[PDB]
Amino acid sequence: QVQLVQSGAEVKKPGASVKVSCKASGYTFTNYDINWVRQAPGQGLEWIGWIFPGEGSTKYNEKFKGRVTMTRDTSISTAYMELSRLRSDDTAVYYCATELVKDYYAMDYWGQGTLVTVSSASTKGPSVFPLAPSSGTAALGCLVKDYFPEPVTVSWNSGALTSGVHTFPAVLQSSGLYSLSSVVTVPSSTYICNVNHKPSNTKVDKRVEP
Amino acid sequence: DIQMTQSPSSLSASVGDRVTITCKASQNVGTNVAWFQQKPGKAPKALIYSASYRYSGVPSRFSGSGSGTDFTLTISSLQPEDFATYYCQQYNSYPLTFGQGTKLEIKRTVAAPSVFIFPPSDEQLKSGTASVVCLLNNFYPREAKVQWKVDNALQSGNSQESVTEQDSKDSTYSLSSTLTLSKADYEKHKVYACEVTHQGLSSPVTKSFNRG
Ligand SMILES: CCC(=O)N(c1ccccc1)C1(C(=O)OC)CCN(CCC(=O)NCCN)CC1
């Protein structure tokens with residue numbers, strides 16, 4: 001079964017470079033171009049280029065001429081995308097993709113996506129602050145403030161409270177750190193938000209109380 | 001570059017509705033147009049190539065049409081797993097270019113936002129910062145507006161907002177507008193209020209408190 005596996009997420013500082021890889025299995029690797037597309041947070045799709053693994057020939061979007069290099073390693077069925085002189089807008093999920101025609105159907109195959117975070121910030125766990133209720137139903141939550149990089153997870157009551165929960169998409173503050181709020185509704189008649197930040201190993205259960 | 005322009009950027013429909021979505025190229029591109037579907041947090045799934053030919057596994061209710069500069073994607077009977085964003089793309093000339101998305105959302109009855117207000121926590125004031133949060137829970141449609149006031153001085157900047165996706169059980173939206181200021185500036189003012197305006201409300205609604 002055709003599969004394309006991408007390298008793991010990365011954080012880079014402005015001006016650095018990143019080399020994302022895309023390993024192909026399940027088909028003849030030298031017969032089909034590998035295409036790279038990116039999507040910045042909340043935006044659309046932008047095309048970077050393709051490389052033909054048969055001959056190593058390339059074509060790039062002019063918007064990246066001089067910053068992007070695409071190479072192949074046929075022996076291990078891997079295509080690479082190296083983006084140099086990284087800037088803040090370069091923050092996006094990067095996808096590799098190919099398209100084949102077996103049987104008689106054209107089929108498309110995609111990687112799982114590689115998050116490239118360009119930021120002068122450094123890894124930091126979040127500080128969790130309670131959002132206590134203030135007098136038929138009550139609302140409460142947690143303010144997960146000042147963490148880097150993404151992502152942070154929030155659960156309530158160790159996973160028992162899934163109903164009426166709204167965890168908001170994170171916002172990037174001018175300080176380069178992320179923050180999101182997570183809220184829940186409960187009748188006016190305990191409650192603990194479980195916050196975990198894998199990049200900093202920060203795990204904080206905070207009980208909310210009025 | 002060839003510009004691909006999609007319209008509308010969003011649309012509210014219902015299951016069974018017949019949805020039509022357009023895509024226009026700044027130059028004639030023959031039949032070399034593709035359509036993609038994408039779910040949030042997932043890679044795109046290719047739907048159409050050569051303007052009208054479906055990819056493997058793409059249900060027949062997805063049909064493509066067009067030639068030259070005007071193109072169309074048609075969903076004959078909208079099914080619940082079809083709510084997603086849809087991109088067209090040309091590949092007649094380089095660089096390959098996409099249009100912006102056409103997000104396809106669930107229509108439902110108007111809902112007024114339940115407005116709540118939270119003060120900065122003491123754990124946060126001991127830390128030296130101040131974060132006040134205005135919550136807008138369960139409303140429809142997505143469009144809304146929140147405005148802050150400290151001692152009835154209208155606030156500009158140092159306030160950011162985040163809107164969740166359509167709830168899986170009631171298709172409603174929720175918003176969090178977060179206003180952030182110095183502990184010094186927070187103590188220096190008395191009453192705080194956030195004004196919420198939403199077409200499901202007959203007049204502006206305001207929740208407020210007094211500390212600092
Ligand atoms: C970056 C997006 C993109 O543009 N593409 C793409 C799409 C999905 C997955 C991977 C690549 C294609 C491209 O690069 O354009 C030439 C890949 C080839 N299809 C040709 C379809 C066809 O006609 N197939 C049958 C021919 N016998 C046109 C689009």
Side-chain angles (χ1 to χ4, degrees), chain A residues 2-13 16-41 43-61 64-86 90-101 103 105-118 149-151 198-199, chain B residues 34 36-47 49 55-58 87 89 91 94-96 98:
Chain A
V2 174
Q3 213 197 328
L4 263 49
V5 181
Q6 306 196 208
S7 45
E10 294 248 40
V11 182
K12 298 289 180 184
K13 295 207 227 83
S17 75
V18 57
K19 171 166 210 133
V20 185
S21 64
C22 172
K23 197 188 194 316
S25 63
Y27 69 101
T28 297
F29 173 80
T30 49
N31 269 341
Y32 301 96
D33 308 339
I34 294 274
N35 283 270
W36 295 83
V37 160
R38 68 177 192 185
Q39 183 182 45
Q43 300 298 120
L45 313 177
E46 184 181 13
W47 175 71
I48 303 186
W50 54 255
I51 178 171
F52 172 41
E55 172 67 347
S57 37
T58 60
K59 240 278 163 183
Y60 299 140
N61 194 328
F64 305 100
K65 213 271 164 212
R67 302 210 296 129
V68 69
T69 274
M70 285 160 190
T71 53
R72 90 206 142 150
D73 187 3
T74 297
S75 52
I76 70 176
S77 295
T78 308
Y80 306 93
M81 198 276 300
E82 159 189 291
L83 181 63
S84 307
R85 284 177 269 124
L86 284 164
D90 282 334
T91 296
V93 178
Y94 290 77
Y95 295 97
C96 74
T98 196
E99 178 203 278
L100 279 130
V101 176
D103 198 57
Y105 298 79
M107 295 150 290
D108 60 296
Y109 295 106
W110 290 79
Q112 82 274 25
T114 285
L115 182 57
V116 175
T117 295
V118 172
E150 301 206 79
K198 295 303 187 187
Chain B
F36 301 85
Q37 167 188 86
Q38 174 174 48
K39 306 277 204 309
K42 287 325 157 313
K45 175 166 113 214
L47 296 173
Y49 66 93
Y55 276 86
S56 160
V58 179
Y87 300 89
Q89 175 224 336
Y91 54 78
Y94 290 99
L96 316 180
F98 294 78

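Throughout, a chain's letter reflects where its sequence line sits, starting with A, and its residues are numbered from 1. All values below come from the heavy atoms of this structure, side chains included, with hydrogens, waters and symmetry mates left out.
With sequence neighbours left out, A/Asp73 forms a side-chain contact (heavy atoms from CB on, under 4.5 Å) with A/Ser75, A/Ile76, A/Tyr80. Legend: residues meeting salt bridge (charged side-chain N to carboxylate O under 4.0 Å, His left out) with A/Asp90, ordered by chain and number and at least two apart, are A/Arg38, A/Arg67. With sequence neighbours excluded, the residues that form a ring-ring contact (aromatic ring centres under 6.0 Å, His included) with B/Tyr49 are B/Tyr55.
The CD1 atom of A/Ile48 sits 5.5 Å away from the CE atom of A/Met70 when rounded to the nearest 0.5 Å. Distance check, rounded to the nearest 0.5 Å: CG of A/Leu86 to CD of A/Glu10 gives 10.0 Å. Note that CG of B/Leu47 is 5.5 Å distant from CD of B/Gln37, once rounded to the nearest 0.5 Å. Atom CD1 of A/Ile34 is separated from atom CH2 of A/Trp36 by 8.0 Å, given to the nearest 0.5 angstrom. Distance check: A/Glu55 CD to A/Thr30 OG1 gives 11.5 Å after rounding to the nearest 0.5 Å. To the nearest 0.5 Å, atom CD1 of residue A/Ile51 and atom CE of residue A/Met81 are 12.0 Å apart.
Scanning both residues, A/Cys96 and A/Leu4, for their nearest heavy atoms gives SG-CD2, 3.8 Å. Closest heavy-atom contact between A/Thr74 and A/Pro53: OG1-O, 3.6 Å. In this structure, A/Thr117 and A/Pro149 approach most closely via the heavy-atom pair CG2-CB, 4.5 Å. When all heavy atoms of B/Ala46 and B/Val58 are compared, the closest pair comes out as O-CG2, 3.6 Å. Across all non-hydrogen atoms, the minimal contact from A/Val2 to A/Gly26 is CG2-O, 3.4 Å.
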**Prompt:** Going through the distances and angles, do A/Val18 and A/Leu83 end up as a side chain to side chain contact (heavy atoms under 4.5 Å, CB included)?
**Reply:** CA-CA 5 Å; A/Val18 57; A/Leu83 181 63; 4.0 Å; yes

**Asked** Under the side chain to side chain contact (heavy atoms under 4.5 Å, CB included) criterion, do A/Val37 and A/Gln39 qualify, and how do the steps go?
**Response** CA-CA 7 Å; A/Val37 160; A/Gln39 183 182 45; 5.9 Å; no

**Asked** After noting the C-alpha distance and the side-chain angles of A/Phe29 and A/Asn31, does the key distance pass the side chain to side chain contact (heavy atoms under 4.5 Å, CB included) rule?
**Response** CA-CA 6 Å; A/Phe29 173 80; A/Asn31 269 341; over 6 Å; no

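Using a 4.5 Å cut-off on side-chain heavy atoms (C-beta onward), A/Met107 and A/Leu100 make no contact. B/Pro44 has its side chain out of reach of B/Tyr87: every pair of non-hydrogen atoms, C-beta onward, lies at least 4.5 Å apart.
Checked against a 6.0 Å centroid threshold, the rings of B/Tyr94 and A/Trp47 count as neighbours.
A/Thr91 contributes a side-chain N or O that, together with a main-chain N or O of A/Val118, makes up a donor-acceptor pair within less than 3.5 Å. In terms of modelled atom types and a separation under 3.5 Å, the side chain of A/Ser84 and the main chain of A/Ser17 share no donor-acceptor contact. Judged by distance alone, with hydrogens and angles left aside, the side-chain atoms of A/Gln6 form a donor-acceptor pair with the main-chain N or O of A/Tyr94 at under 3.5 Å. Under the 3.5 Å distance criterion, the side-chain polar atoms of A/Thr114 are matched with a main-chain donor or acceptor of A/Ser7.
Using cut-offs of 30° and 60° for the angle between ring planes, the B/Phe98 and B/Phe36 rings count as tilted.
For B/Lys39, the NZ atom sits in a packed shell: over 12 heavy atoms of surrounding residues, nucleotides or ligands are nearer than 6.0 Å. No more than 12 heavy-atom neighbours from other residues, nucleotides or ligands sit within 6.0 angstrom of NZ on B/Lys45.
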